[PDB]
Amino acid sequence: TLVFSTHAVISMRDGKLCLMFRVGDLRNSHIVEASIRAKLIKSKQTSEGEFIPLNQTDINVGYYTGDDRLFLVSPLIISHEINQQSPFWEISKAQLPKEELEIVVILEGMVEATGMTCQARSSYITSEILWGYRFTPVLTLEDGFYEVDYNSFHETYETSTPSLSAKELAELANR
Amino acid sequence: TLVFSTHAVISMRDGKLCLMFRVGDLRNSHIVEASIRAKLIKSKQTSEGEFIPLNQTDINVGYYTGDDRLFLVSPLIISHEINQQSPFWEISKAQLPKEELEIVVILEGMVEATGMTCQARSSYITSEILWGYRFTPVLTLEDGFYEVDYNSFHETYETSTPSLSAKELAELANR
Amino acid sequence: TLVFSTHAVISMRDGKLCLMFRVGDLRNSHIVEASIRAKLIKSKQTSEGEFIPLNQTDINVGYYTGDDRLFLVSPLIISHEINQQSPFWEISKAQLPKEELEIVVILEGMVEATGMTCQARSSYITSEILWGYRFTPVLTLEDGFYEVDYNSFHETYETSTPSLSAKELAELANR
Amino acid sequence: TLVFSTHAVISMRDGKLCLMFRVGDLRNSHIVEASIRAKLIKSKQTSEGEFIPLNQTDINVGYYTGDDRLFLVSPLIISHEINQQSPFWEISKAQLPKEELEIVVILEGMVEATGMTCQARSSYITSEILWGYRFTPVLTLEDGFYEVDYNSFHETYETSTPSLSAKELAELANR
Amino acid sequence: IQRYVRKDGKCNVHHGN
Amino acid sequence: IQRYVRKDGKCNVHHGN
Amino acid sequence: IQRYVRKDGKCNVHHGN
Amino acid sequence: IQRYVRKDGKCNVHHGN
Ligand SMILES: [Mg+2]
């Protein structure tokens with residue numbers, strides 16, 4: 001059994017469009033100085049003529065706000081907000097699948113029990129990002145009890161989501 | 001005997017409203033690369049319909065100014081300034097107790113003597129945050145002598161403090 | 001055999017002028033918390049009269065964007081964008097060679113297999129920076145196969161590049 | 001024999017007023033992930049009535065520019081630029097000595113040879129900061145040879161320096 | 001209201017494997 | 001389209017030495 | 001004025017346990 | 001012009017002790 005989301009989701013969170021994915025914890029320990037980071041792998045040719053194959057570019061996940069330093073004790077849903085400075089700013093539902101790209105996700109931290117440091121890498125190909133979905137919750141707050149269902153760790157349902165590019169959605173908003 | 005503040009306080013510091021708490025040192029060593037960070041745990045449903053239970057959000061404690069990298073050799077009073085970008089911006093004295101939230105506080109650093117790395121976690125529930133109080137000092141500057149009284153480490157007294165929301169206090173200030 | 005670019009290149013990338021150099025990976029392991037940083041070594045006398053010999057100054061390589069935290073699994077081309085805040089802002093092709101300076105490049109990370117931490121330093125003297133060149137690609141995307149040719153790791157070709165100072169190029173752009 | 005500046009200096013560097021101090025290297029090794037940081041220790045009572053004895057506040061040394069991550073292979077002169085956001089903004093030559101404060105300086109890094117991590121702390125009391133001085137150079141560039149004279153490591157000479165507060169100097173500049 | 005984290009530092013539990 | 005990185009975490013290979 | 005930290009690096013003391 | 005740092009990585013020397 002493993003702990004890292006399989007698919008990624010895109011949908012609305014308080015008006016803004018967001019790219020989301022879950023990240024799993026460790027049963028046998030707490031991770032110190034844990035940090036989540038995510039790169040965007042995708043070839044692109046500079047108008048300048050130079051063709052960079054698999055150029056990488058960083059993806060906002062809370063670097064500026066410090067919200068990329070995780071307190072992982074329970075599965076977390078990392079949420080990228082899709083803004084002007086997002087590489088998906090101009091990508092829409094129908095536009096998604098026909099993108100020749102990939103998202104790498106990297107989790108670093110120093111394990112406590114083991115006194116060693118970990119790095120768990122993973123990826124998502126265009127055909128692994130799900131537009132218009134949200135993650136099934138996996139944390140129920142029972143009577144004086146908080147509990148996770150790792151049986152629903154990957155489970156995702158479908159939600160009403162406009163098929164417009166983040167940029168377009170913000171353009172209509174102005175009107 | 002332990003070294004991490006029990007309750008948290010909120011009161012004025014040079015006009016601005018602040019959420020405060022003490023953080024203890026280590027007798028047998030100095031901590032290198034020590035860093036204090038604090039998350040805000042609290043469930044909230046996006047107007048969008050998705051209900052996130054125990055969503056976490058980072059809490060300014062000097063990340064931007066670098067003042068979150070501690071020089072801990074004596075008990076310190078970490079002070080969060082409550083600004084527009086504070087999750088308490090709209091919370092007032094009478095509003096406080098009826099909040100279904102929690103503050104997690106995390107201290108990381110590499111111990112010197114032990115050559116190991118530590119992480120001391122702790123929390124505060126709505127019913128553990130004290131509005132209108134300040135921490136009793138625990139560092140007297142005797143004649144050619146600085147000294148702490150860990151007997152007063154948790155001791156807190158009451159101070160005159162307006163029962164308005166940080167936002168409101170700043171709105172009156174404009175007038 | 002080694003893994004760190006010999007010469008550095010300067011040319012256009014989407015309009016902006018950039019100082020580039022390649023950085024090699026490790027065959028026998030992945031590097032965690034890998035970070036690329038680069039200093040600018042060069043003596044300069046303050047108009048104030050004080051002469052600082054070999055004063056050092058940091059060089060933007062993605063600190064702000066976080067793009068200086070590398071995911072190194074394949075040779076990467078670190079690209080410094082030459083802006084107002086670049087020490088080369090006012091340097092042009094013909095101006096280059098007659099500069100009494102040096103660029104130090106530093107790569108830090110914790111190796112996985114070895115459980116040790118590395119630092120690979122290197123430099124470039126004025127007579128080792130090549131104006132108007134680009135790095136030969138070293139990553140071909142064969143039929144269901146990505147591959148590097150470390151035989152072309154240092155190989156560089158010549159490209160059309162204006163012989164103006166970054167500042168000047170931006171001044172003409174305004175007109 | 002040791003490697004950390006004894007006194008600190010304040011004087012002009014390209015118009016701006018700066019607080020300076022030297023920092024020593026290690027003979028037997030290179031330091032990775034080396035970082036210089038500096039706190040300002042000084043008691044102050046909030047207009048609010050609360051008296052904080054030995055409150056600490058961070059001191060700009062290149063955090064924002066990343067210039068606080070040192071490449072230490074030769075004695076370096078850390079230079080704090082005294083700006084609006086400097087705790088010395090309003091302090092002038094004649095004002096200096098009568099200040100009840102102290103500057104702590106902290107150097108952290110992981111040693112290479114020893115595979116251990118260091119922290120070298122040090123301080124400066126009001127009566128240890130020298131106004132109107134500059135550090136004697138300790139790096140001569142002989143014929144095809146760079147060399148340090150640790151005999152001049154602490155040596156400091158006197159330079160023409162206005163006895164105005166950083167704030168005042170900037171106020172005259174406007175006129 | 002029940003805690004997510006306890007004063008001492010330990011969390012509140014899961015069920016897997 | 002072929003991956004650069006695999007779900008498990010391993011990359012896609014080179015030829016040197 | 002008495003120091004908080006000494007040139008060598010050691011601090012100034014407490015009383016507990 | 002003489003280097004401060006050499007391609008391989010080693011610096012340029014001092015005289016103390
Ligand atoms: Mg570290």
# chains A, B, ... in the order shown; residues from 1 in each chain; ligands from 1

call {"tool": "select_by_dssp", "arguments": {"residues": "chain B", "states": "strand (DSSP E or B)", "output": "compact mmCIF listing (two decimals) with N, CA, C and O atoms, in the first residue's frame"}}
result
# COMPACT_ATOMS: atom_id res chain seq x y z
N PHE B 4 7.35 24.97 26.49
CA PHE B 4 6.50 25.41 25.38
C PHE B 4 5.23 26.00 25.99
O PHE B 4 4.54 25.33 26.77
N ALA B 8 -2.21 30.89 24.79
CA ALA B 8 -1.80 31.99 23.93
C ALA B 8 -2.54 33.27 24.32
O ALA B 8 -3.65 33.21 24.87
N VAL B 9 -1.93 34.41 24.05
CA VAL B 9 -2.50 35.70 24.43
C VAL B 9 -2.73 36.60 23.21
O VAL B 9 -2.02 36.49 22.21
N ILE B 10 -3.72 37.48 23.32
CA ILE B 10 -3.96 38.50 22.30
C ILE B 10 -4.14 39.86 22.98
O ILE B 10 -4.95 40.00 23.90
N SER B 11 -3.36 40.84 22.53
CA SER B 11 -3.45 42.20 23.05
C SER B 11 -2.69 43.17 22.14
O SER B 11 -2.23 42.78 21.06
N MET B 12 -2.57 44.42 22.57
CA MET B 12 -1.97 45.45 21.72
C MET B 12 -0.46 45.52 21.88
O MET B 12 0.07 45.35 22.97
N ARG B 13 0.23 45.77 20.77
CA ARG B 13 1.67 46.03 20.78
C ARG B 13 2.02 47.13 19.79
O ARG B 13 2.20 46.86 18.60
N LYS B 16 -0.98 47.94 16.92
CA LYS B 16 -1.45 46.77 16.19
C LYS B 16 -1.88 45.67 17.17
O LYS B 16 -1.32 45.54 18.26
N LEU B 17 -2.88 44.88 16.77
CA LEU B 17 -3.33 43.75 17.57
C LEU B 17 -2.50 42.52 17.22
O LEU B 17 -2.20 42.27 16.06
N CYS B 18 -2.12 41.75 18.24
CA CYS B 18 -1.21 40.62 18.04
C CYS B 18 -1.60 39.37 18.81
O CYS B 18 -2.05 39.43 19.95
N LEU B 19 -1.40 38.22 18.16
CA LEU B 19 -1.55 36.92 18.81
C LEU B 19 -0.18 36.44 19.26
O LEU B 19 0.73 36.27 18.45
N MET B 20 -0.03 36.21 20.56
CA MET B 20 1.27 35.88 21.11
C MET B 20 1.32 34.52 21.79
O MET B 20 0.30 33.99 22.23
N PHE B 21 2.52 33.96 21.87
CA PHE B 21 2.78 32.76 22.65
C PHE B 21 4.27 32.62 22.91
O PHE B 21 5.09 33.11 22.14
N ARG B 22 4.61 31.97 24.02
CA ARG B 22 6.00 31.80 24.42
C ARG B 22 6.55 30.49 23.87
O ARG B 22 5.80 29.55 23.61
N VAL B 23 7.86 30.43 23.70
CA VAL B 23 8.51 29.21 23.24
C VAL B 23 9.79 28.96 24.03
O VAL B 23 10.65 29.84 24.14
N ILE B 31 20.29 25.33 19.73
CA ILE B 31 19.69 24.80 18.50
C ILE B 31 20.11 25.63 17.30
O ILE B 31 19.93 26.85 17.27
N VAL B 32 20.67 24.96 16.30
CA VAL B 32 21.08 25.61 15.06
C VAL B 32 19.94 25.56 14.04
O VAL B 32 19.10 24.66 14.08
N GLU B 33 19.92 26.53 13.13
CA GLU B 33 18.93 26.54 12.06
C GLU B 33 17.53 26.37 12.63
O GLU B 33 16.63 25.84 11.98
N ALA B 34 17.34 26.83 13.87
CA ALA B 34 16.05 26.76 14.52
C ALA B 34 15.04 27.61 13.76
O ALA B 34 15.36 28.72 13.34
N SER B 35 13.84 27.08 13.56
CA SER B 35 12.79 27.83 12.89
C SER B 35 11.43 27.59 13.52
O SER B 35 11.01 26.45 13.74
N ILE B 36 10.73 28.68 13.82
CA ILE B 36 9.37 28.57 14.32
C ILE B 36 8.39 28.82 13.19
O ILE B 36 8.55 29.74 12.39
N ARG B 37 7.37 27.98 13.12
CA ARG B 37 6.32 28.09 12.12
C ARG B 37 5.02 27.73 12.80
O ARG B 37 5.01 27.05 13.82
N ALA B 38 3.91 28.20 12.24
CA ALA B 38 2.62 27.95 12.85
C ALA B 38 1.53 27.85 11.80
O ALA B 38 1.43 28.70 10.91
N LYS B 39 0.73 26.80 11.90
CA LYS B 39 -0.35 26.56 10.95
C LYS B 39 -1.69 26.89 11.60
O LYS B 39 -1.80 26.91 12.83
N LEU B 40 -2.70 27.16 10.78
CA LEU B 40 -4.06 27.32 11.30
C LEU B 40 -4.98 26.21 10.81
O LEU B 40 -5.34 26.16 9.63
N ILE B 41 -5.36 25.33 11.73
CA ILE B 41 -6.25 24.22 11.43
C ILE B 41 -7.69 24.65 11.69
O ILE B 41 -8.02 25.14 12.78
N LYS B 42 -8.55 24.47 10.70
CA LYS B 42 -9.95 24.84 10.84
C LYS B 42 -10.73 24.43 9.60
O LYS B 42 -10.32 24.73 8.47
N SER B 43 -11.84 23.73 9.80
CA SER B 43 -12.69 23.33 8.69
C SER B 43 -13.41 24.53 8.10
O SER B 43 -13.80 25.46 8.81
N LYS B 44 -13.58 24.52 6.78
CA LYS B 44 -14.32 25.56 6.09
C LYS B 44 -14.85 25.04 4.76
O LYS B 44 -14.15 24.32 4.04
N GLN B 45 -16.08 25.40 4.44
CA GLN B 45 -16.69 25.01 3.19
C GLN B 45 -16.55 26.14 2.18
O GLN B 45 -16.92 27.27 2.46
N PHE B 51 -16.61 21.02 0.97
CA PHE B 51 -16.35 21.20 2.39
C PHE B 51 -15.02 20.57 2.80
O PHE B 51 -14.88 19.34 2.83
N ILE B 52 -14.04 21.41 3.11
CA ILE B 52 -12.73 20.95 3.56
C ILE B 52 -12.66 20.96 5.08
O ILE B 52 -12.68 22.02 5.70
N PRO B 53 -12.59 19.76 5.68
CA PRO B 53 -12.56 19.61 7.12
C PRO B 53 -11.12 19.60 7.61
O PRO B 53 -10.36 18.70 7.26
N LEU B 54 -10.76 20.59 8.41
CA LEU B 54 -9.40 20.71 8.92
C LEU B 54 -8.42 21.16 7.84
O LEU B 54 -7.27 20.71 7.81
N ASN B 55 -8.88 22.02 6.94
CA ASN B 55 -7.98 22.69 6.02
C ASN B 55 -6.93 23.41 6.84
O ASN B 55 -7.25 23.96 7.90
N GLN B 56 -5.69 23.42 6.37
CA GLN B 56 -4.65 24.15 7.07
C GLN B 56 -4.15 25.35 6.28
O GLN B 56 -4.13 25.34 5.05
N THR B 57 -3.76 26.40 6.99
CA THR B 57 -3.26 27.63 6.38
C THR B 57 -2.15 28.23 7.24
O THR B 57 -2.25 28.28 8.46
N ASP B 58 -1.08 28.68 6.59
CA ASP B 58 0.08 29.17 7.30
C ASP B 58 -0.21 30.49 8.01
O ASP B 58 -1.10 31.24 7.60
N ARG B 69 13.38 32.66 11.94
CA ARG B 69 14.60 31.91 12.23
C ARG B 69 15.14 32.33 13.60
O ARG B 69 15.80 33.36 13.73
N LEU B 76 11.45 32.77 24.42
CA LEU B 76 11.06 33.84 23.52
C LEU B 76 9.55 33.92 23.36
O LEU B 76 8.84 32.92 23.47
N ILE B 77 9.06 35.14 23.11
CA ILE B 77 7.63 35.37 22.93
C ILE B 77 7.35 35.63 21.47
O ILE B 77 7.44 36.77 21.00
N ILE B 78 7.02 34.57 20.73
CA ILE B 78 6.65 34.71 19.33
C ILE B 78 5.38 35.56 19.22
O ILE B 78 4.39 35.28 19.89
N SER B 79 5.42 36.60 18.38
CA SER B 79 4.28 37.50 18.24
C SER B 79 3.77 37.59 16.81
O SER B 79 4.45 38.12 15.93
N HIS B 80 2.57 37.07 16.58
CA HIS B 80 1.93 37.21 15.28
C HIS B 80 1.18 38.54 15.22
O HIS B 80 0.33 38.82 16.07
N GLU B 81 1.51 39.37 14.23
CA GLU B 81 0.78 40.62 14.04
C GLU B 81 -0.48 40.35 13.23
O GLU B 81 -0.41 39.78 12.14
N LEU B 101 -11.93 26.09 15.69
CA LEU B 101 -10.60 26.07 15.09
C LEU B 101 -9.51 25.60 16.05
O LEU B 101 -9.78 25.21 17.19
N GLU B 102 -8.26 25.63 15.58
CA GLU B 102 -7.12 25.19 16.36
C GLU B 102 -5.82 25.70 15.74
O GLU B 102 -5.68 25.75 14.52
N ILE B 103 -4.88 26.09 16.59
CA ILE B 103 -3.58 26.54 16.13
C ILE B 103 -2.50 25.53 16.47
O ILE B 103 -2.28 25.20 17.63
N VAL B 104 -1.82 25.03 15.44
CA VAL B 104 -0.68 24.15 15.63
C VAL B 104 0.61 24.95 15.53
O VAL B 104 0.76 25.80 14.66
N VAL B 105 1.53 24.68 16.44
CA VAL B 105 2.81 25.37 16.45
C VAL B 105 3.94 24.35 16.37
O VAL B 105 3.95 23.37 17.11
N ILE B 106 4.88 24.61 15.48
CA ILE B 106 5.93 23.64 15.18
C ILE B 106 7.32 24.28 15.27
O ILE B 106 7.57 25.31 14.66
N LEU B 107 8.21 23.65 16.03
CA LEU B 107 9.56 24.16 16.18
C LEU B 107 10.60 23.16 15.69
O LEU B 107 10.70 22.06 16.22
N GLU B 108 11.37 23.56 14.69
CA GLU B 108 12.37 22.67 14.11
C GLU B 108 13.77 23.26 14.23
O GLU B 108 13.96 24.47 14.13
N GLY B 109 14.74 22.38 14.43
CA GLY B 109 16.13 22.80 14.52
C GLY B 109 17.03 21.60 14.72
O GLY B 109 16.57 20.52 15.09
N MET B 110 18.32 21.79 14.48
CA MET B 110 19.29 20.73 14.68
C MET B 110 20.02 21.00 15.99
O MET B 110 20.65 22.04 16.15
N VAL B 111 19.91 20.07 16.93
CA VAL B 111 20.59 20.20 18.22
C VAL B 111 22.10 20.10 18.05
O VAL B 111 22.59 19.38 17.18
N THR B 117 18.34 16.19 15.05
CA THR B 117 17.39 17.26 14.74
C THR B 117 16.07 17.04 15.46
O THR B 117 15.60 15.91 15.57
N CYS B 118 15.48 18.13 15.95
CA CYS B 118 14.26 18.03 16.74
C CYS B 118 13.07 18.64 16.03
O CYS B 118 13.22 19.45 15.11
N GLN B 119 11.87 18.23 16.45
CA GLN B 119 10.64 18.91 16.08
C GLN B 119 9.67 18.84 17.25
O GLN B 119 9.17 17.76 17.59
N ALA B 120 9.42 19.98 17.87
CA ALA B 120 8.47 20.05 18.97
C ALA B 120 7.16 20.68 18.51
O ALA B 120 7.10 21.88 18.23
N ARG B 121 6.12 19.87 18.44
CA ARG B 121 4.81 20.32 18.01
C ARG B 121 3.94 20.65 19.21
O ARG B 121 4.15 20.12 20.30
N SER B 122 2.95 21.52 19.01
CA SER B 122 1.97 21.82 20.05
C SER B 122 0.78 22.56 19.46
O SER B 122 0.81 22.97 18.30
N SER B 123 -0.27 22.72 20.25
CA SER B 123 -1.50 23.31 19.73
C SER B 123 -2.22 24.21 20.73
O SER B 123 -1.84 24.28 21.90
N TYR B 124 -3.25 24.89 20.25
CA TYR B 124 -4.12 25.71 21.08
C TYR B 124 -5.54 25.68 20.52
O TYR B 124 -5.76 26.04 19.36
N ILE B 125 -6.49 25.24 21.33
CA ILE B 125 -7.89 25.23 20.92
C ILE B 125 -8.56 26.54 21.31
O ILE B 125 -8.11 27.24 22.22
N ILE B 129 -7.03 30.08 23.98
CA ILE B 129 -6.50 31.38 23.61
C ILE B 129 -7.10 32.44 24.51
O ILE B 129 -8.32 32.56 24.62
N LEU B 130 -6.25 33.21 25.18
CA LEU B 130 -6.71 34.17 26.16
C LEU B 130 -6.70 35.60 25.62
O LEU B 130 -5.63 36.15 25.35
N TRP B 131 -7.88 36.18 25.48
CA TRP B 131 -8.01 37.53 24.94
C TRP B 131 -7.82 38.59 26.02
O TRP B 131 -8.51 38.58 27.04
N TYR B 133 -4.68 39.51 27.43
CA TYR B 133 -3.63 39.17 28.38
C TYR B 133 -2.25 39.33 27.76
O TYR B 133 -2.11 39.38 26.53
N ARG B 134 -1.25 39.42 28.62
CA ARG B 134 0.14 39.50 28.19
C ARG B 134 0.94 38.53 29.04
O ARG B 134 0.51 38.17 30.14
N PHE B 135 2.08 38.09 28.54
CA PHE B 135 2.90 37.15 29.29
C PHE B 135 3.68 37.88 30.37
O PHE B 135 4.21 38.96 30.15
N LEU B 139 12.57 37.39 32.42
CA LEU B 139 13.97 37.73 32.26
C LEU B 139 14.32 39.03 32.97
O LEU B 139 14.14 40.12 32.43
N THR B 140 14.82 38.91 34.20
CA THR B 140 15.22 40.08 34.97
C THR B 140 16.70 40.40 34.75
O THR B 140 17.54 39.50 34.70
N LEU B 141 17.00 41.68 34.60
CA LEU B 141 18.37 42.13 34.38
C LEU B 141 18.99 42.66 35.66
O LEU B 141 19.17 43.87 35.84
N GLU B 142 19.31 41.73 36.56
CA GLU B 142 19.94 42.04 37.84
C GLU B 142 21.26 42.77 37.65
O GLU B 142 21.74 42.92 36.52
N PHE B 145 23.79 40.86 35.67
CA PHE B 145 23.25 39.51 35.65
C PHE B 145 21.88 39.47 34.96
O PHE B 145 20.98 40.23 35.31
N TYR B 146 21.75 38.59 33.97
CA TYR B 146 20.46 38.33 33.32
C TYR B 146 19.93 36.98 33.79
O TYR B 146 20.65 35.98 33.74
N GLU B 147 18.68 36.94 34.25
CA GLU B 147 18.13 35.67 34.74
C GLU B 147 16.66 35.43 34.45
O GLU B 147 15.84 36.35 34.46
N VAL B 148 16.34 34.16 34.20
CA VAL B 148 14.99 33.72 33.88
C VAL B 148 14.33 33.05 35.08
O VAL B 148 15.00 32.39 35.88
N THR B 156 0.57 34.53 33.32
CA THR B 156 0.02 35.58 32.47
C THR B 156 -0.92 36.49 33.24
O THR B 156 -1.74 36.03 34.03
N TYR B 157 -0.81 37.80 33.00
CA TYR B 157 -1.68 38.77 33.65
C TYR B 157 -2.64 39.43 32.66
O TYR B 157 -2.46 39.30 31.45
N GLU B 158 -3.64 40.12 33.19
CA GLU B 158 -4.68 40.73 32.37
C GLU B 158 -4.40 42.21 32.10
O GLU B 158 -3.99 42.94 33.00

call {"tool": "residues_around", "arguments": {"residues": "residue 11 in chain G", "least_positions_apart": "2", "cutoff": "10 Å", "atoms": "only C-alpha atoms", "output": "list in words"}}
result
residues 30, 73, 74 and 146 of chain B; 121 and 122 of chain D; 3, 4, 5, 6, 7, 8, 9, 13 and 14 of chain G

call {"tool": "atom_distance", "arguments": {"atom1": "CA of residue 86 in chain B", "atom2": "CA of residue 67 in chain B"}}
result
16.8 Å

call {"tool": "calpha_fit_and_write", "arguments": {"fixed": "chain F", "moving": "chain E", "output": "PDB file with N, CA, C and O atoms, in the first residue's frame"}}
result
ATOM      1  N   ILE E   1       2.830  10.196 -26.317  1.00  0.00           N
ATOM      2  CA  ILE E   1       3.718  10.882 -25.331  1.00  0.00           C
ATOM      3  C   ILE E   1       4.307   9.907 -24.309  1.00  0.00           C
ATOM      4  O   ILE E   1       3.587   9.121 -23.693  1.00  0.00           O
ATOM      5  N   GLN E   2       5.625   9.965 -24.137  1.00  0.00           N
ATOM      6  CA  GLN E   2       6.304   9.129 -23.156  1.00  0.00           C
ATOM      7  C   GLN E   2       6.717   9.963 -21.943  1.00  0.00           C
ATOM      8  O   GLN E   2       7.079  11.134 -22.079  1.00  0.00           O
ATOM      9  N   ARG E   3       6.650   9.363 -20.758  1.00  0.00           N
ATOM     10  CA  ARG E   3       6.959  10.071 -19.518  1.00  0.00           C
ATOM     11  C   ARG E   3       8.424  10.462 -19.400  1.00  0.00           C
ATOM     12  O   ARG E   3       9.295   9.881 -20.047  1.00  0.00           O
ATOM     13  N   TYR E   4       8.674  11.454 -18.552  1.00  0.00           N
ATOM     14  CA  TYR E   4      10.015  11.841 -18.149  1.00  0.00           C
ATOM     15  C   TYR E   4      10.275  11.166 -16.810  1.00  0.00           C
ATOM     16  O   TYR E   4      11.383  10.717 -16.522  1.00  0.00           O
ATOM     17  N   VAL E   5       9.221  11.090 -16.002  1.00  0.00           N
ATOM     18  CA  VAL E   5       9.280  10.473 -14.687  1.00  0.00           C
ATOM     19  C   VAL E   5       8.138   9.476 -14.548  1.00  0.00           C
ATOM     20  O   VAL E   5       7.035   9.717 -15.035  1.00  0.00           O
ATOM     21  N   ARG E   6       8.403   8.357 -13.885  1.00  0.00           N
ATOM     22  CA  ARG E   6       7.382   7.339 -13.684  1.00  0.00           C
ATOM     23  C   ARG E   6       6.705   7.450 -12.320  1.00  0.00           C
ATOM     24  O   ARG E   6       7.326   7.839 -11.330  1.00  0.00           O
ATOM     25  N   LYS E   7       5.420   7.114 -12.291  1.00  0.00           N
ATOM     26  CA  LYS E   7       4.602   7.222 -11.088  1.00  0.00           C
ATOM     27  C   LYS E   7       5.356   6.815  -9.827  1.00  0.00           C
ATOM     28  O   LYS E   7       5.351   7.537  -8.830  1.00  0.00           O
ATOM     29  N   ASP E   8       5.998   5.651  -9.874  1.00  0.00           N
ATOM     30  CA  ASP E   8       6.758   5.158  -8.733  1.00  0.00           C
ATOM     31  C   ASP E   8       7.853   6.140  -8.321  1.00  0.00           C
ATOM     32  O   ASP E   8       8.083   6.354  -7.133  1.00  0.00           O
ATOM     33  N   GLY E   9       8.523   6.740  -9.302  1.00  0.00           N
ATOM     34  CA  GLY E   9       9.527   7.760  -9.019  1.00  0.00           C
ATOM     35  C   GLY E   9      10.798   7.710  -9.848  1.00  0.00           C
ATOM     36  O   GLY E   9      11.572   8.666  -9.848  1.00  0.00           O
ATOM     37  N   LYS E  10      11.022   6.604 -10.557  1.00  0.00           N
ATOM     38  CA  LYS E  10      12.253   6.423 -11.339  1.00  0.00           C
ATOM     39  C   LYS E  10      12.203   7.160 -12.681  1.00  0.00           C
ATOM     40  O   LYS E  10      11.144   7.266 -13.298  1.00  0.00           O
ATOM     41  N   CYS E  11      13.355   7.650 -13.135  1.00  0.00           N
ATOM     42  CA  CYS E  11      13.431   8.455 -14.358  1.00  0.00           C
ATOM     43  C   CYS E  11      13.604   7.618 -15.634  1.00  0.00           C
ATOM     44  O   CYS E  11      13.388   6.405 -15.620  1.00  0.00           O
ATOM     45  N   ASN E  12      13.996   8.280 -16.725  1.00  0.00           N
ATOM     46  CA  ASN E  12      14.211   7.625 -18.027  1.00  0.00           C
ATOM     47  C   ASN E  12      15.600   7.919 -18.642  1.00  0.00           C
ATOM     48  O   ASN E  12      16.026   9.072 -18.739  1.00  0.00           O
ATOM     49  N   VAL E  13      16.265   6.854 -19.095  1.00  0.00           N
ATOM     50  CA  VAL E  13      17.735   6.705 -18.995  1.00  0.00           C
ATOM     51  C   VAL E  13      18.709   7.335 -20.018  1.00  0.00           C
ATOM     52  O   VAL E  13      18.317   7.825 -21.081  1.00  0.00           O
ATOM     53  N   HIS E  14      19.996   7.264 -19.651  1.00  0.00           N
ATOM     54  CA  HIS E  14      21.119   7.917 -20.336  1.00  0.00           C
ATOM     55  C   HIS E  14      22.121   6.885 -20.870  1.00  0.00           C
ATOM     56  O   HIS E  14      21.907   5.681 -20.727  1.00  0.00           O
ATOM     57  N   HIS E  15      23.221   7.354 -21.466  1.00  0.00           N
ATOM     58  CA  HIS E  15      24.298   6.462 -21.933  1.00  0.00           C
ATOM     59  C   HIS E  15      25.683   7.131 -21.895  1.00  0.00           C
ATOM     60  O   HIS E  15      26.043   7.893 -22.796  1.00  0.00           O
ATOM     61  N   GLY E  16      26.453   6.835 -20.848  1.00  0.00           N
ATOM     62  CA  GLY E  16      27.771   7.439 -20.661  1.00  0.00           C
ATOM     63  C   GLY E  16      28.753   6.602 -19.855  1.00  0.00           C
ATOM     64  O   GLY E  16      28.422   5.510 -19.391  1.00  0.00           O
ATOM     65  N   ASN E  17      29.964   7.133 -19.693  1.00  0.00           N
ATOM     66  CA  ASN E  17      31.066   6.467 -18.984  1.00  0.00           C
ATOM     67  C   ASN E  17      32.186   6.043 -19.931  1.00  0.00           C
ATOM     68  O   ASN E  17      33.331   6.474 -19.787  1.00  0.00           O
TER      69      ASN E  17
END

call {"tool": "atom_distance", "arguments": {"atom1": "CA of residue 113 in chain A", "atom2": "CA of residue 28 in chain A"}}
result
7.6 Å

call {"tool": "residues_around", "arguments": {"residues": "residue 89 in chain C", "least_positions_apart": "6", "cutoff": "9 Å", "atoms": "only C-alpha atoms", "output": "ChimeraX atom specification"}}
result
/C:82-83,165-168

call {"tool": "write_last_selection", "arguments": {"atoms": "N, CA, C and O atoms", "output": "tab-separated table (two decimals), in the first residue's frame"}}
result
chain	number	residue	atom	x	y	z
C	82	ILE	N	18.93	38.42	-17.96
C	82	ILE	CA	19.67	39.66	-17.74
C	82	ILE	C	18.75	40.88	-17.71
C	82	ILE	O	18.33	41.39	-18.74
C	83	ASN	N	18.46	41.33	-16.49
C	83	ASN	CA	17.53	42.41	-16.25
C	83	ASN	C	18.23	43.60	-15.60
C	83	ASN	O	19.44	43.58	-15.39
C	165	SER	N	24.40	46.10	-25.41
C	165	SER	CA	24.24	45.89	-23.98
C	165	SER	C	22.77	45.68	-23.64
C	165	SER	O	21.89	46.35	-24.19
C	166	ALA	N	22.50	44.75	-22.73
C	166	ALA	CA	21.14	44.45	-22.31
C	166	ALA	C	20.32	45.72	-22.11
C	166	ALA	O	19.15	45.78	-22.51
C	167	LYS	N	20.93	46.73	-21.50
C	167	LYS	CA	20.27	48.01	-21.26
C	167	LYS	C	19.90	48.68	-22.57
C	167	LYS	O	18.78	49.16	-22.74
C	168	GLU	N	20.84	48.70	-23.51
C	168	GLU	CA	20.61	49.33	-24.79
C	168	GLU	C	19.51	48.62	-25.56
C	168	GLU	O	18.63	49.26	-26.14

call {"tool": "atom_distance", "arguments": {"atom1": "CA of residue 26 in chain D", "atom2": "CA of residue 128 in chain D"}}
result
24.3 Å
